[PDB]
Amino acid sequence: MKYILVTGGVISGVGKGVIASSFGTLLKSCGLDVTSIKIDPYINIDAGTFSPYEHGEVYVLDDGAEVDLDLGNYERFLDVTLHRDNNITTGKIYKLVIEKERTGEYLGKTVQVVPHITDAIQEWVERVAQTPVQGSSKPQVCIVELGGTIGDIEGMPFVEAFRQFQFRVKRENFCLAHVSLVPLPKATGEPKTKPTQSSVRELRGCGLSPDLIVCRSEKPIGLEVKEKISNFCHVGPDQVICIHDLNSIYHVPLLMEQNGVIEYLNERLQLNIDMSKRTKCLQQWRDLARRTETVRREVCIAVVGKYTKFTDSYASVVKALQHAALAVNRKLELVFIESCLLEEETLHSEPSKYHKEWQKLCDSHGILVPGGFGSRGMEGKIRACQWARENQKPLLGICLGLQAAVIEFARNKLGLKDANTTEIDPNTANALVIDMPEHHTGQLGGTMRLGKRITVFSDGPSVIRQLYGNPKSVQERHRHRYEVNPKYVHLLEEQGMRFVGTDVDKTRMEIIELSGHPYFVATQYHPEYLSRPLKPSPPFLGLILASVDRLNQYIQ
Amino acid sequence: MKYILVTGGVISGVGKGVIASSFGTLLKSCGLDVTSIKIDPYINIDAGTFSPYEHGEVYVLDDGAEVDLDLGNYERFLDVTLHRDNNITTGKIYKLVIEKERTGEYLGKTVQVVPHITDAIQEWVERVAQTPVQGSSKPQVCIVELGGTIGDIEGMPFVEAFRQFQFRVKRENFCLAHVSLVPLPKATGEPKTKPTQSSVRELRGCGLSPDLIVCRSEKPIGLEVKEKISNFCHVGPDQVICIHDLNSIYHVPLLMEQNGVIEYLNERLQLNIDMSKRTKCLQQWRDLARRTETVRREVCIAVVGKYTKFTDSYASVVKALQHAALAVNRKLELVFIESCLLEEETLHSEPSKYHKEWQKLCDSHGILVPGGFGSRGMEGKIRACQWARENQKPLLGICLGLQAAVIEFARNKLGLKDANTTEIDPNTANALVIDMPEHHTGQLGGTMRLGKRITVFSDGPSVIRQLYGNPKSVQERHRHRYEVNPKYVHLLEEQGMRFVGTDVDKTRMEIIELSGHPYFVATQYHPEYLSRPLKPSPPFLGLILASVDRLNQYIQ
Amino acid sequence: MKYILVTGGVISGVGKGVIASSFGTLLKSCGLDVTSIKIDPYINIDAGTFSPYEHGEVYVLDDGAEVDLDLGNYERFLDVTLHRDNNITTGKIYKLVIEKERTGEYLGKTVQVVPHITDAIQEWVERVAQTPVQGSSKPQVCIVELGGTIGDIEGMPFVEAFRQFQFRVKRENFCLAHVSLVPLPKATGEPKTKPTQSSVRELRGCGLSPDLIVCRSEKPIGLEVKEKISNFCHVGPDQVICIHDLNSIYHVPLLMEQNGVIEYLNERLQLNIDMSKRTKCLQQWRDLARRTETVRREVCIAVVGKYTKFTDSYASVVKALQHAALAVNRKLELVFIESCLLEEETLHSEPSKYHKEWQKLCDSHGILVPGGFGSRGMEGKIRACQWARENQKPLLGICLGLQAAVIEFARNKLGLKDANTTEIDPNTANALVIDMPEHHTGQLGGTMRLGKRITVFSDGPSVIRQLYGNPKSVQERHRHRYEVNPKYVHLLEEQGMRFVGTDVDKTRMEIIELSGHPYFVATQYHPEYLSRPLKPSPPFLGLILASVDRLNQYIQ
Ligand SMILES: Nc1ncnc2c1ncn2[C@@H]1O[C@H](COP(=O)(O)OP(=O)(O)CP(=O)(O)O)[C@@H](O)[C@H]1O
Ligand SMILES: Nc1ncnc2c1ncn2[C@@H]1O[C@H](COP(=O)(O)OP(=O)(O)CP(=O)(O)O)[C@@H](O)[C@H]1O
Ligand SMILES: Nc1ncnc2c1ncn2[C@@H]1O[C@H](COP(=O)(O)OP(=O)(O)CP(=O)(O)O)[C@@H](O)[C@H]1O
Ligand SMILES: O=c1ccn([C@@H]2O[C@H](COP(=O)(O)OP(=O)(O)OP(=O)(O)O)[C@@H](O)[C@H]2O)c(=O)[nH]1
Ligand SMILES: O=c1ccn([C@@H]2O[C@H](COP(=O)(O)OP(=O)(O)OP(=O)(O)O)[C@@H](O)[C@H]2O)c(=O)[nH]1
Ligand SMILES: O=c1ccn([C@@H]2O[C@H](COP(=O)(O)OP(=O)(O)OP(=O)(O)O)[C@@H](O)[C@H]2O)c(=O)[nH]1
Ligand SMILES: NC(=O)CC[C@H](N)C(=O)O
Ligand SMILES: NC(=O)CC[C@H](N)C(=O)O
Ligand SMILES: NC(=O)CC[C@H](N)C(=O)O
């Protein structure tokens, strides 16, 4: 196997994820089978106990693992289905080693960071890079992305491990790409290279020497800075890639190919890539990158969320909307409406903000009510669901907009002003949402309905089933404990509601619809985790279509 | 509280243990209440899975913990009874933090080395330095000893933690002593200071600056090197302590007091030590250090062990023998006889070594058969027990020489040539030694009879009970699974054997004796873990006495 | 060209000089043409302003330069005649660069350490390694020896320069050998490898990775430590050379050849060394190393010097005596008599030391009065010259024992009790030694008679001319200002004195002799700088011969 470690320099948040995914899609278009690994140096087995403000929209994999979002970038660019062992952390490693020790598999000897922790890291990487990730095909390249910045005390074990790995795997089977920042202050008005110099120096002071140096700047830099970097880093003048701020991220693979990275790698790792046939493989990505510039229609969508102060806490949602729009040939424009500012409590505090946010919500072509955990800001979601039900405005809810929509329907058509979940107020008289742990009721192994599960379609013509291709069932990724109450099923179904999707046991409804409303679908699963750039999720696709008044035409 | 971190420099194995214990005994003679902590940067909860070749004679504490031997130095110098939390490791810390994370006590946030691991280390140190360790008195000084060498990747978390600790605890309550090596090669014939320079530079490059620099050399160095160190380390000329290779280790506290370390600390940590009364407190240690030079009697003892290639795998045993000798006013001389070279299998290989070792064993005044685990080299222990029983030679066995002695008695007085343990050969017909797990039979919590337990004395005049002060019972530290068979009790007691000590349940014999033999005591417990310099263990004391033919006189 | 940088580790004074000279003589026996370079990181153009206590017996080259003594090791092992540019210092480099700047050869640009100082160092090394040093043959290998220890602030420019040099010269033309110390303390009784680990880590943290690791210890270390070093340094198990303390230094090249360093280098630098013919080239060195063990005759020589507290301040003298002895097949034994302890001023202070030193001087077979500068301890030299003239004891004086001998002859045969030099007391009435600057009288360029000059032989049968091969003249290296007075020439020649050697101008006498004395030669030049192991200097040879009463036989 051949490995490509990707490291970071001046700051964290400079683009290693897209760089790595681009290497991956390049190598995958040239006929290879790539896999990927993300190394988070934080002491956390997984991202289940995380808040979106911390690390941006916890992802979910098919086996039920909750991981970083960079694995989402990998899955969306390479079109693969990773596993849990593709997300290494310091906690996983130390816990594995400590268990091994207490058991007695290090019999009699002293366990130290070097060599035992680093051997664990190496064995992990080697074992994981051989797990068939796109069926049964065995990988040939593995892209490791070392989160953080080179120099921190958190990621020294890993740097040492890879310092030994390059000797262990015959450097002709190992490359290292360093992503650094070239700041261009507004005072000096000149790009500065000293940060990159210090970062490369710190790196080489750890036993590693870069082969590529991808310099991330806001605006393009000239050959002067390129040759300065080449000199002060002993890299050539053609293996210093310059990646400025592009329109979209489908430009990055192209900006890398045009800079001769495919040829460099084919010559450096000895991959045996037939050049004459590696033409016209990125055609799909060129088309997609052109459609990113050749769309002027201005479809506007409303994201009624509670973390809207961050734009990374909805990464997969935003990106699925973008994919669907690009497939509909429209220019998406997203307004981030905070659900806290739709309640009357802010009307008593800042009527200005209240009316401004409600105006935003009212002059939009569609409404998306994402998921979330807790209680802060759910009443606003219910207000928005109601307003979109009383104004014939399309709406899509995801695992919490479904609960909110059902609550709205209850408290506004059954008059049950006490309708609520068992989460916001447990001692409520009427409870439309109650816990249904998958199997935690009985054991501790399996509390939350995590991972990919089956959902069959109840009989009845439904637009959501038509969008999905009129199948019998779908596999989708779930992350939720609660569920719609099975007793109020008829109390709310003898009305403008319809449950078209459920599990094989018919006790869990996870796809609802409204009668007469043009588009009021809501799902208990997360359809955004299976939305690839060349494959938009049917729900978001229908949302966009109905939001521009083209859905019925698209069906017929 | 006031803390004294002790760090190491050029190499590991330069004397930090004795330096720290000496600081402790100095401060404890001046009227203070000291506690101690040892920081082993290895990934091991404890030293239960260790072999003596690794880290030198696993110690045992009253609560059942198996720790390093440096805690033995602390206990023997300060006369305290430490606990399990007085031995910090990287594994303990990381495991605690990982459990906290998985539970949810770091709610929502990202756990990193800094600040979380270092905060755990700080809280651990602060909580532990306040645990009454000599009764109910609360400590006032805590001596932390950071194992390893400053610069290694294993102990960076701890160095960072203490870099923050010195600010957290108001540097007037914090000192740092650096122990370094001054090599004197035989080519240059001149002491070299460059290693110490590099070590102090690496240290200061971590945020810490030494207050004392204890330079360990083989021979005394002059004022030239002292002032060179003072210059190149920005320490004064009086806070550079020079500690050469002394006769014994009871000289180190004196060589430190004479160098004005007590005054320096009293002025630096502001301890309020009344100088006029701090005279004639180390009188006991001066007497002991003089008795180390004024003894010429040449009592020779045989240590029939299996790890005799190392002199640190019997540290506590050797030191208890030294204490007892010094109390008897004799100059101990130890011969380390490997038990493997007493079997006939080496007679068929190297008769020279066989006869040499047997000669050594035969021209000695006494025999000590220490403990150990496994099977390699036990037959030799049985041969030695027999020879000492058939030649009226004193013998003392410790938790494995007792089993070996019982096996010898069986197979040489009952003719049961098949007598053996259930460990060497489980399917044996006759088994004199069988497992009796304390409570593992029933659960997993408590398999080995670890820690301090009670042993009552069965009726009958016994020399071992006379040595112990004629008490009803004794508290001693046990570490063993096996036990003498309760069915062969009479098969071997209707002979020259006598079981004078047992537990409160009378099902476990742990003190035996021979009838007619001058001294053939053997104990299932470890009496060397309670042998302090000013308090020798009664068993070793009686061994030495009988070995010089003075025991009967000492009793009467 | 192919370069071999030699670096040092734990301490300075571990043996890089002999290591490098051994590499040189190995490569030179295999048919190559080696040159050498010494990099002293001190700010000193040369060693003219130095005292022997500082850096051990300032050397002198043919062109008049005063350099370190390591160039003496190079000259004595490779049999070459180096130049001034073969001794790089920080001062030379910075001065060259500053002159270039002030002139304007760096026109308009900013001069910095990197890249300008390092480019100066590289250009210097490349230019110097191509200067024919053994005639007109152009070198093929250049051995650079970087004085100091890797890590110090003095030698970072050079380490950076060579980090760039390995890329500039195509690593197949560059090797780096790291000499480190493996301390074996007497407490632990075990070799420690952690210093070497830290040194290799610091090195790799500067951009360089060792190819060989020569470990210098006092006693041989086993394969365990070798493999530990190989592991913790990523070098093989055969490129870790172990060099213990040998009898002599003619063993080092052999101990290196036997360890397969010649083959390693031939394979690593691609030198094209014909193995089948590289046998029986070190035969001379094997013979010399055997003669170092097979000599038992105990010739004793007296070194009447003033720096005798150091054994490196007479390196060349001691080594020339050793060469001559080995050629005479005798075991040299050197007694270092301090000339200060022969004056009556110590008789009034410590008669014990006075009589002890005079006894030492009296029970020796010969006397050597070396050179030196100043006044402290010259009266003792005159006392010794007299005693050796009045007791028929051989004597050899070198550029200061000649002045002392002439002073003795004057004040003890002419009664001129005021005889003295113009240096000890300038206003003296009688002055036997006066300044005769070569050409400083007239200019500032050439004050001291430095460098190699001609000395012709005045007519008359002389034993010193017979030893030199009965030539007409000799080329020898001078370093001195003063000279014998040309007016007292006859005042002291109409007596037991004879001036057999002088310059072409017949105004400077530099070879004297006594009439009737068996051997009382004294030279104003330094004959020890041309004494190679296989070519002993005639003066020392005759001294040894006459000291064993074999000189007349050797002549006839
Ligand atoms: N060259 C580029 N041009 C335009 N947009 C870019 C870009 N590189 C990154 N981006 C955008 O900024 C975001 C930066 O996040 P990214 O994950 O790529 O870097 P990162 O440093 O946060 C990875 P990690 O968190 O593991 O350190 C990307 O998601 C992308 O939307
Ligand atoms: N100044 C001294 N003089 C004489 N003997 C000394 C000595 N210092 C230490 N020793 C002896 O050498 C042994 C060195 O072991 P010690 O535990 O003191 O250092 P160390 O570096 O091994 C602690 P750690 O293992 O935690 O790093 C001591 O047990 C002692 O018997
Ligand atoms: N392996 C060896 N065996 C025996 N003697 C040795 C030896 N290596 C060195 N020596 C002796 O010790 C002396 C050490 O001086 P040397 O010049 O070789 O090291 P060094 O570190 O002082 C060079 P520099 O001053 O440039 O750093 C040598 O001159 C030699 O006489
Ligand atoms: O104020 C200064 C700045 C710099 N210098 C010295 O002149 C040199 C200028 O180097 P700089 O630090 O100004 O920039 P750089 O060329 O290393 O890379 P960029 O940040 O421009 O991308 C440096 O080597 C420094 O030693 C000064 O003497 N004074
Ligand atoms: O061979 C050498 C050795 C040393 N030096 C230079 O002269 C200085 C001598 O310093 P040293 O390295 O010889 O020793 P030290 O005084 O630092 O401490 P000790 O090991 O003696 O205890 C150093 O600063 C070095 O730069 C040389 O130029 N050449
Ligand atoms: O007192 C100690 C000493 C060492 N250690 C830990 O156990 C390991 C022992 O490693 P050492 O530091 O004792 O020696 P070494 O094997 O690195 O090389 P030598 O000096 O023996 O030649 C080290 O990695 C350290 O983390 C401790 O925990 N406590
Ligand atoms: N992902 C979410 O929005 C979670 C919503 C809610 N906690 C549930 O389990 O249904
Ligand atoms: N400490 C020891 O010598 C152990 C001996 C034996 N394993 C027992 O448990 O009795
Ligand atoms: N090298 C020396 O001994 C110098 C001696 C004296 N200074 C001279 O010039 O003659």
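Just so you know, the numbers here start at 1 and follow the chain as drawn.
This deposition comes from electron microscopy, 3.2 Å.
Every residue, even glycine, has its Cβ placed from backbone N, Cα and C.
Per Swiss-Prot, active site, for GATase activity is recorded for C:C399, C:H526, C:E528. The domain 'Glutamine amidotransferase type-1' annotation in Swiss-Prot covers C:300-554 and rests on sequence analysis.
The two recorded residues, C:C399 (active site, for GATase activity) and C:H526 (active site, for GATase activity), have Cα atoms 7 Å apart. In the shown protein chains, 23 other C-beta atoms lie within 10 A of the C-beta of C:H526 (active site, for GATase activity).
DSSP assigns C:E528 (active site, for GATase activity) to a helix. C:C399 (active site, for GATase activity) carries neither a helix nor a strand DSSP state and counts as coil. Around C:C399 (active site, for GATase activity), taking its Cβ as the centre, 23 other Cβ atoms fall within 10 Å, counting all chains. In sequence order, C:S316, C:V317, C:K319, C:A320, C:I398, C:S537, C:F540 are the residues of the chain that are 6 or more apart from C:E528 (active site, for GATase activity) and have a CB within less than 8 Å of its CB.
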